[PDB]
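Presented below, as structure tokens, is a lone chain in the form deposited in one PDB entry.
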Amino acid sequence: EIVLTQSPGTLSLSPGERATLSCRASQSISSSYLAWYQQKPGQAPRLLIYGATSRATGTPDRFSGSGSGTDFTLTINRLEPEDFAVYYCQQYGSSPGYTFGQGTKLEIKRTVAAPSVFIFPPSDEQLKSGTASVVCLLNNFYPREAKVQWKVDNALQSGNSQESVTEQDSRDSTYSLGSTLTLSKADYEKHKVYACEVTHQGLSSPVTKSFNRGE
């Protein structure tokens, strides 16, 4: 059956620029049966365009649809931070009646911003359960690429940490990241200096936050 192939898979552009998103269909369809959607994280998809060119309610003129046959395009003029989203195309003329493209993920660039770094020792409450989680927070940085190096008495720790990254902020276009080092209480009590060392394009040299267990 019909396949919709979107490209590029990912796109990263600055405010004020123009994004061009392509949707290619594996067979020719009437343009009356193609639509575009915007899906921001945590939300349902929002209809932008239907019938290849018609703007849905609430869709401003800077969003433009075009195309015919096997080739369709969504153009987003005057990009802004809130345009961060996944954009999907959709056909509704061919079997089985509804098909979506795989989406183009749009990132909105901003000036480089270094993370603010914080380290959190485990709570006494958690230690009472027999486990120690040590948390390193990298707040409001750009670009997304960042390196967290855990050190315990200056031994570099591998295999015992997990990271999570927020979606790009819709207002300030930054990311934040948390890294959690997990130890047993007995292991945690065998060492003194807990440090997370952070590398990022916005830092001229790596930043280290640390604490001494018990201090």
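All residue numbers refer to positions in the sequence shown, first residue = 1.
Below, we refer to the form deposited in another entry, which is not included among the displayed structures.
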When one rigid part of the chain turns against another between this form and the one not shown, the option of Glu107, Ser94, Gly51, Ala56 found at the hinge is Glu107
A 3 angstroms or greater change in CA distance between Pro8 and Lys147 is reported in the other form. Closer or farther than in this form? closer
Between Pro8 and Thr111, does the Cα distance in the other form come out closer or farther than in this form, changing by 3 Å or more? closer
